[PDB]
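Colleague: sequence isn't available, so here's the structure alone:
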Ligand SMILES: Nc1ncnc2c1ncn2[C@@H]1O[C@H](COP(=O)(O)OP(=O)(O)OP(=O)(O)O)[C@@H](O)[C@H]1O
Ligand SMILES: Nc1ncnc2c1ncn2[C@@H]1O[C@H](COP(=O)(O)OP(=O)(O)OP(=O)(O)O)[C@@H](O)[C@H]1O
Ligand SMILES: [Mg+2]
Ligand SMILES: [Mg+2]
């Protein structure tokens, strides 16, 4: 071979060895958090320490006895407790968690109920500023929503002047790519109510009856919350129709399907819980989660018109740098009846053709290519006729 | 009802294709090796029986070789039961042609007619195909000696040397290596026996497991002598070639 | 640029100011920002103020040379691009196909381009 | 060859780094400075001896929390609170005090063996143009995967949102697999790779939690590219039918819609999907704006194979005998994995010899073995 | 693909809709058809079709979708043309039969209705008459004609077995973009040439290639000249005179 | 003959005997046949002719001992022995490009093996090999590396002297010197042109950094201008703000009007004024 | 079995009669036989279909 | 049996026609180009297999009348049925209407033939596509038609079907001219040979050419002839 290979073999293995050695000798570090705006904490940190004032065994009430209480600890171990002098008796309720002394069990500080939910604190969501003007068109279907959901939060006066019961529920349905969830992110901007977002496939667990716990508790936590909205997303699985199999495994799923019914109507009403169901499909749903008194007005969300595509595309191309004198009308005509999510992608693929020609701008030429590009792939793909019949 | 249970076996696959044909071809590679080698002086058809027992009678057995007419014989490989029907249909067609023209059928016509019959079963009716492959040895004056193979699809191809049944590919390579453009019937016999000796599933190749027939221009001035040999003549030519 | 191996001359005022405690006086120095790289554009006898096309390659495969050299594959781009820095430094010439021959090669150099048309 | 000097030069930079590093640690890391001594002192004075790993269920905004320990008993713990009141969140591992349990501190990070499958230590020894050939349908995967990470500046001139997503589809062996692994060497951002046969499980309920996870990790590190190899595997692979079946497959797809785009607003997860069963996917999956430019791959043409075959035989020994052009003649619109299996099997002929020369004979012979594969699961011979 | 359907095992089976599924499918195969536009006035009926080239090697002046039934009835097919091949033969036969029996011109409606009787024969063997089809036809016709008793008529014949008399109708892929315009632009004061240029107008907008006489074809039915297919030269003249009035806006 | 394992290890040993020897001649004080680790001499007409003969053979198809001989001597003489052989081989025995890669691979690779006095002496020969070859584009780059004024003029002369007209040659010369934004080349080439005497107006500018002003304007027009500066009166916060406007207008930008308001210039004080006018300069 | 994923494929046949004697011989070292027993005789009494 | 082998698809199709088209894509490739006074059908034959008798085996171009040729791609077995029906119709025309067929009428007949096994019950379509070419009698216009298993018929200036027809079609856009055919027969032949060598490759023994000239002259050129033509193309 070549007269270096005999020693390239060794020189190269030396590279591999020394990288391991540098890393090993240098050592690593793993933070154990502190704070630079703190350098003294133990002047009365030791009062929280070392001289107990005290951390507490958490328990749960199982029996109020009228004039002591029975708690069963989390260490499963049952004890009889009473009232200290930071407790109020009016403030003990069934199933509430309490703190008791780690030595001689006595209630010191009651505590919020129910430690079993901990994965519903990650479905509580801050409102993304997708803005309320972000939604396409000035069409009227979103104005129906502003009558059911938004306005009674702002003004229950006019509904008190009417005296009607204000409608609470509404169905969001229609084709995808219409921005089903995109108008609900807008409405999350405006109303500034709590949004609690659910995934239907997130409601299915390994063992059955485990998701029954989930749904029930999620609802009651929302009852305590005031001025809240629960956004049922993608509940095509759990949420579907009820039927029998006689040997299925669908039964175990249908349990949590039922759990959704029994909380909506309840034996108590929804106290300012506005409810959205977002379904891709009306083709299969429950007839008691689609009964008209608990989903009150249901709004079909449609495909943009020949005007509606011009409005959406103007929101999109006003956001893009194009060189003036163009038609947003023309591009809508060229398209068949279609989604705006395509219109969101006519701009961006026309922009990849804009960078290809190395324009800072976008012109008519590159728009034409883009319109062809998407249509041709649509034909190559499902849902150019799929609606799964019904209206 | 009945549409319920209908299997639809004559439809295409996503391939554009017919599973039943493929499956028939698969089942014929479970059946015996049949070989046709064309010499310039005749044709050798050599077939290896599938069954062999020291209690089997192999002396009235012509399970693989059949005369369609006294110029055209076949080697049969596949389902025997289906093949029998086609054999008698073939003879009937031969006699029909002889009937209306008073002159012996060319090999062309017969091979094609049978191919059409097979084609009908795959084309329509919901029926399964006839799972047979034929090697036709024939003599006609127009093209002389003719060797043909046809398959359950209803397609035919002429060949200079061909093998069907078990180990098609192996015997084909062998024949490539050992073929001459012109040969004798003796040279052809030798090559045939040898090829079956290297492809036989039992360690030894024996006369009692060989069916062996020729059509020879020994007979002169435009006569051909068919011969379906006796196993005792097969024995002797098996010792000639030195296998036994 | 011509040599990436070369050390600068105008960029040394950027290099200069780290050994000294900060003052308003040093703040005066920093308004200078020279060290600049030209945007390469193809040239002619009448002076063309734009480029035509270029190839750029992020990852070479050659270790028989420290940087390798861009092979004839690169990502193609159009006119009007400043010299691309690290993560884009190997730059190949795209002018061959228009019946033009580069006179001034490119690797990622600062150098301007010039071409000859048949 | 002739790279010995540069490897010695790299090695030499390594010697100098190992040296100065080592001595710096050793004895002149001087902890005789008070901003080291005094900070650790009174940090250890509240910090344990046993540090009692706990699991934080939730926090209360009165400088307290409820922990549940894996040993058992819960506790209503205090917090020393030099640790930044609001820096700890459900799912944390917290250090409790061996006396009265107070949150001494907080561990920053912890991991699963199920995300070990997801994450990677690798650094491919192939970089692009070992995908040499098919070099214009690869501008659709380095102008919407590579480039907006490299330059957002270009997409700022035009403004509006930058690209998102690709689906790769075409024949098997046409490079789909290596395309994904080749952009990941260039970009040097967190490359997750997950097989679709692990997204299909024989247990339900944990299916969705796996799929939900991938993108939550992926958004958590600010740049990531998630390779889902084989999303064609979700309708053809299935175990039992009483914990697999329609149901399992439907849920996981549903989960992926929320994750892929949905309402999460998670971090950057550029997605790459390989598939050749694209019609077993939803219309809300192959919906635009999750696929922006979709790439079609078909078999190369005759002159494209010349590009492919020259890449593969550069690694091999050559002679003047070898002729690449006539190997191309024989093949007719076949995959580049077929070409790649001829060159691999050509050295298997050289291995068989124990002769280290590769010759035109070795390439032609393995050509016949490669064509033996194509037409001998066929039994027609000529098209019936 | 594989749109959810409970019934595709029968060809005459219900359907919690209450209607046949196969018929429904048939009407979704007219949306791939090449656009045929037809304007009916009280002065004649104009049938325009896009001949649809697919290659410049394809000779497109030897293919056409204008098909003569008889001197006083013309017909345009859109959808699946292999099915129309059979139907148009049947219709020609019917017309000749009427003239044999009665020495008289057949009503445009009676003819349309006969072919609708033809369309509904799919089945495995049911009602009093034998089913000689097994799957419904996927092709729709625009039957134009003139009879001396109701004047000019334009009928849309469906693969359903239903027929609607239109005053103008477009079918094919671009049928909706055309029909929106029909609703607005049509009236009963048109003249023959005005309707002719109107056809070329709406054919422009559903044009996926470019308008010229090599992928576009006109034909008329007029009372005293019968059914006449416009040759390509004449068509070219009209296209250019459209371009004159298009640059006058 | 037919590649196999054996010679892939044995043949390296043949070459290594000569290799080791030449290296050992610098380290030792015994030196070639008095060093007994090889017992062979590197001088004579017995082994020195073996090195040269080997070099021709290993050059033709490969590159093995060829780079390696040069540096072990430590002399630029060695590199010049190879110059002769290669410059014949530049076109016919293998392409120009392959040759260019050979030359630069020698210099870039051996840098940590070439202290300053050795390193420059090696780059001279490299310059000569290019000058022999067609690419005068390669010559200029390497001559700047050396830094010798003589060689800058030599590549400039190579295009200039042959032609009695402006041909591509003079445009190309002006470009080659233009590249250095140091401008040591620029001054040198401007005065060769006056001597040669063709058009002055285009050529001297093009050698100089004048034309580079022109193209910056073409690029600026595409880029645009942005102003986003703060401004508040009276303190270090005012001093900061007025500096910031130029810090956003680095390179040639258009901000004529902002400069024209001399108010804020005066509202900085002391040294602040100095740095305020200084940031105005960076706008242009 | 797609291209380049599998590159060596090893078929195993049922045993020969020489190979079947060779397995028998290994087993006889565990046992205590009598002299004069041929294991090529035993391998011919067998025909096997597997090891 | 009267049960359907044709089920309507909600896609706007029938699955079996799609599957048929695929079947026709797997078939050997045929090219058709008409000159000004000739027609040329070139066809690939797989003679890669050895010890094949080719004398007695019919070429993949079948004469259906004394002036009308048919070439095919797709299922070889199936095609023979179409071929018999067509020869029969050819004689019928002379019998009842007198004067050999015209290319168009015969094309129309074949179109109806393949169509019928779609629309009927108890039958599946043919996966076969034909190139029908020839002359009308008393005429000298070459007429080249293509029928496809959809039961749809077409006229073409030039056309190609079979395996990898797209490559050759692109070639034909660029080497055949809608305005001008190559006027000499030989040049036409060589244009089609040059076309065939795109995909067919691997020597000049797999190429077959039939040339038809009006006045009922159908002749097929043997391998020797082709060898000469090919080598000329090769040298140039
Ligand atoms: N009406 C609209 N106006 C403007 N933009 C829209 C609209 N609808 C959709 N979009 C754009 O398309 C993107 C994606 O659509 P989105 O994900 O909201 O679909 P979806 O309706 O939730 O469908 P699915 O839930 O079935 O997948 C949005 O982020 C937005 O950019
Ligand atoms: N167009 C090409 N250019 C360069 N190399 C190629 C090309 N196509 C294939 N190869 C080589 O063939 C290889 C085998 O490819 P790989 O296993 O990545 O193929 P694949 O298409 O991903 O296979 P599968 O169809 O099984 O998904 C690659 O690793 C690659 O080096
Ligand atoms: Mg949604
Ligand atoms: Mg793969």
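Modeller: Yes, it's here. Numbers count the residues shown, from 1 in each chain, chains lettered A, B, ... in the order given. Ligands and ions are numbered 1, 2, ... in the order given.
Colleague: could I get the full set of helices for chain C?
Modeller: C:12-16, C:24-29 (DSSP state H).
Colleague: let me have the ones you listed in JSON lines, extended by mean neighbour count and distance to chain F.
Modeller: From N, CA and C alone the C-beta is placed, and that goes for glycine too. Formatted as JSON lines, those follow (neighbours: other Cβ atoms under 10 Å in any protein chain shown; distance: least, Cβ to the nearest Cβ, whole Å):
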{"stretch": "helix C:12-16", "mean neighbour count": "12", "distance to chain F": "11"}
{"stretch": "helix C:24-29", "mean neighbour count": "14", "distance to chain F": "4"}
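Colleague: quick one: closest of those to residue H:14.
Modeller: helix C:12-16 (73.9 Å; Cβ to Cβ).
Colleague: quick check: closest non-adjacent residue to the residue of chain H found nearest ligand 2.
Modeller: Closest contact between chain H and ligand 2, by Cβ to the nearest ligand atom, is at residue H:167 (18.0 Å). Distances taken as Cβ to Cβ, 6 or more residues apart in numbering or on different chains put residue H:198 closest to residue H:167, at 5.7 Å, once the chain neighbours are dropped.
Colleague: return the residues of chain G in contact with ligand 2.
Modeller: Residues of chain G that fall close to ligand 2, judged by Cβ under 6 Å from any ligand atom: G:2, G:4.
Colleague: all strands of chain G, in order?
Modeller: For chain G, applying DSSP state E gives no strands.
Colleague: which residues in it form helices?
Modeller: According to DSSP H, the helices that chain G contains are G:17-28, G:39-45.
Colleague: can you put those helices in a markdown table and add mean neighbour count and distance to residue E:92?
Modeller: Shown next, in a markdown table, are the helices of chain G (neighbours: other Cβ atoms under 10 Å in any protein chain shown; distance: least, Cβ to Cβ, whole Å):
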| stretch | mean neighbour count | distance to residue E:92 |
| --- | --- | --- |
| helix G:17-28 | 13 | 80 |
| helix G:39-45 | 13 | 84 |
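Colleague: mind telling me what element residue F:273 is part of?
Modeller: helix F:271-281 (DSSP states H and E).
Colleague: and that helix, what does it pack against?
Modeller: helix C:24-29, helix F:236-247, helix F:263-267 (3 or more Cβ pairs under 8 Å, 6 or more residues apart in numbering or on different chains; DSSP states H and E).
Colleague: output the ones you listed as a markdown table; include the columns distance to chain B.
Modeller: Output for the helices and strands packed on helix F:271-281, formatted as a markdown table (distance: least, Cβ to the nearest Cβ, whole Å):
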| stretch | distance to chain B |
| --- | --- |
| helix C:24-29 | 75 |
| helix F:236-247 | 67 |
| helix F:263-267 | 77 |
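Colleague: follow-up on the earlier one: and the angle from the helix holding residue F:273 to helix F:236-247?
Modeller: 20 degrees (axes from the mean of the first three to the mean of the last three Cα atoms, to 10 degrees).
Colleague: check the offset of helix F:271-281 from the chain's centre.
Modeller: The chain centroid and the centroid of helix F:271-281 are separated by 37 Å under Cα atoms, centre = their mean, to the nearest Å.
Colleague: now stretch D:27-37
Modeller: From the chain centre to the centre of stretch D:27-37 is a distance of 42 Å (Cα atoms, centre = their mean).
Colleague: what do you get for stretch C:53-73?
Modeller: Distance of stretch C:53-73 from the chain centroid (Cα atoms, centre = their mean) equals 14 Å.
Colleague: and residue F:180, how many residues sit next to it?
Modeller: 21 (other Cβ atoms under 10 Å in any protein chain shown).
Colleague: can you pull out the strands in chain E?
Modeller: Counting by DSSP E, the strands of chain E are E:36-40, E:45-50, E:66-70, E:73-79, E:139-147, E:151-157, E:163-166, E:168-171, E:216-222, E:226-229.
Colleague: mind putting those in JSON lines, distance to ligand 2 and mean neighbour count included?
Modeller: Formatted as JSON lines, the strands of chain E follow (distance: least, Cβ to the nearest ligand atom, whole Å; neighbours: other Cβ atoms under 10 Å in any protein chain shown):
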{"stretch": "strand E:36-40", "distance to ligand 2": "44", "mean neighbour count": "28"}
{"stretch": "strand E:45-50", "distance to ligand 2": "40", "mean neighbour count": "27"}
{"stretch": "strand E:66-70", "distance to ligand 2": "48", "mean neighbour count": "20"}
{"stretch": "strand E:73-79", "distance to ligand 2": "38", "mean neighbour count": "26"}
{"stretch": "strand E:139-147", "distance to ligand 2": "40", "mean neighbour count": "25"}
{"stretch": "strand E:151-157", "distance to ligand 2": "49", "mean neighbour count": "21"}
{"stretch": "strand E:163-166", "distance to ligand 2": "52", "mean neighbour count": "15"}
{"stretch": "strand E:168-171", "distance to ligand 2": "43", "mean neighbour count": "25"}
{"stretch": "strand E:216-222", "distance to ligand 2": "43", "mean neighbour count": "23"}
{"stretch": "strand E:226-229", "distance to ligand 2": "52", "mean neighbour count": "17"}
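Colleague: buried set for the longest helix along chain H?
Modeller: Ordering each helix of chain H by length in residues (DSSP H) puts helix H:76-96 first. Buried residues in helix H:76-96, counting neighbours by 16 or more other Cβ atoms under 10 Å in any protein chain shown, are found at H:76-83, H:86-87, H:89-90, H:93.
Colleague: quick one, helices of the chain?
Modeller: I went with chain A, as the question did not name one. Here chain A has its helices, by DSSP H, at A:5-26, A:45-48, A:141-145, A:151-154, A:157-162, A:182-191, A:210-224, A:250-264, A:308-317, A:328-334, A:340-356, A:364-379.
Colleague: hmm, no, I was thinking of chain H.
Modeller: Under DSSP H, chain H gives helices at H:15-25, H:76-96, H:103-119, H:165-175, H:185-196, H:223-235.
Colleague: and the residue nearest the centre of chain E?
Modeller: Per Cα atoms, centre = their mean, the C-alpha nearest to the average position across chain E is that of residue E:142, at 2.6 Å.
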